[PDB]
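Two separate entries follow, structure 1 and structure 2, each one form of the same protein chain as structure tokens.
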Structure 1
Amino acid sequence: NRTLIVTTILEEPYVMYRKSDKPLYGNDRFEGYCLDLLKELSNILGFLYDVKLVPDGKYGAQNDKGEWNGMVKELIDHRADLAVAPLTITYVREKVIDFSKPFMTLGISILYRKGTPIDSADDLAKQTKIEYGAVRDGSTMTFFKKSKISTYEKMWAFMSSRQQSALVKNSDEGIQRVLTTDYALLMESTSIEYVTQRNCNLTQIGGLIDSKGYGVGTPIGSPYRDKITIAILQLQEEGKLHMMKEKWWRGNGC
């Protein structure tokens, strides 16, 4: 039967290895928000699918020569039909793949410890005692690199100084850096919500710096893009996306 290849990436709570006492195979290896979304999308549109982790473990960014990696590259090269992941819809990516409409909203915000006077990005940009950074090569880092807003230009100049020592390789490294040192992590708000539900010592600082979403990636010209968009809108209007987020985000309270 026609089976779509879905590229994705391990990222809590979107895609995680399921825990079992024996080896797992196929789609049963995984669970998480994105698996539930795939199940709902397939139920509406009637397609079969095979989840496959992106081989290089990357979301998708450009090098100096305009060459892409990650899930974006898998779509460009027609090695996957869909990308289902917290793949941020951005200008540079939308030019080379097709995105569905967003299934989740988010903005860049600040993850930091509780109990401090810091209240906004302006509070970080004006000083240098508190170190701050972002995940290297993600859409958050790219936002600061490209911004012409004075405050975010200043922050990029700090972040990019000293061989980019303020950046981190992944979100888990950044979270541990926040917990151990005087460091603030610039992180997508949905991930902050997940983290602060589980670490009562951490909080979001200020509001959202920008406004964007995660969408399902398809190769340019894909006939599934518009169908997936429609299904996402249906799931939103029925309240199902809200229930899915609550299912996977809610912690044990603080």
Structure 2
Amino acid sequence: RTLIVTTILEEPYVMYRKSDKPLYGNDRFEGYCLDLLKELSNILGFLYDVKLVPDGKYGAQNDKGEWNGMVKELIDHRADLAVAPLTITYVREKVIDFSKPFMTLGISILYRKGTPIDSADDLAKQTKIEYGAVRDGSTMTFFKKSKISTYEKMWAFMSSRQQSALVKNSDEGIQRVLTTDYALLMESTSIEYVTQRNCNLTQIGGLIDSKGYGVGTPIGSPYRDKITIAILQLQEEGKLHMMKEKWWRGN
């Protein structure tokens, strides 16, 4: 059995190689997730075929209970694995299985260096420095759903200043950080990636929530626990560290 692996274009996890060389199949791609998949394939001993998810979506449900994205590919048995920056969530665990996480992350703060600002609590109580999130993203939703008073206050500030505080996408948010007196609430993984590449930018404080990226499988897949095992071995032997360092490290 050659395993079909669903994934999604997303820097630095999955990219097309910058090459016009004759590269076919899996060799057309590079990135953290491709390196992970190679290691998994060598530990478990499987052949695989990487296929980009046709609709370019991660996976969400409609009101009929119909799914899209990589999740739908797994549900339909059109992929054996999803290897992507795919969050392990309660709702998704109802319909697919996941390995234990190969990467753990949390919402954090992207801001300029050399400022007394040190936490989310430092931002919440003031109005001089604007702060927000990508409109309708996971980070915005966290703040909308939060019953923690200090994040309830932050959401109230974001929701009332909806037009300016909430941005269209990650790229626009980073641009707003570099140009105005603004802080972007975003995932720690993305902050690490940006701060490595922009020396004027830094992470502020720690993690505001916690979640993991895991390898998705159909419910009952005999590969799920094997992949957990492989992930733990890669973690303990320092290989996850070196794969992260390969793709995240800047100049």
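Start at 1 and count along the sequence of structure 1; that gives the residue numbers used here. If you superpose the two forms and keep the largest set of C-alpha atoms that fall within 1.5 Å, you have the rigid core.
One rigid block turns against another between structures 1 and 2, and the hinge that joins them sits at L106, chosen from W156, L106, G138, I149. Between the two rigid parts, the smaller one rotates 18° against the larger between structures 1 and 2, as C-alpha superposition shows. Here the two forms are laid over each other by their core, and the C-alpha of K169 is off by 6.3 Å between structures 1 and 2. In the core-superposed comparison between structures 1 and 2, the CA atom of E188 travels 2.0 Å.
Relative to the superposed core, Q127 moves its CA by 8.3 Å between structures 1 and 2.
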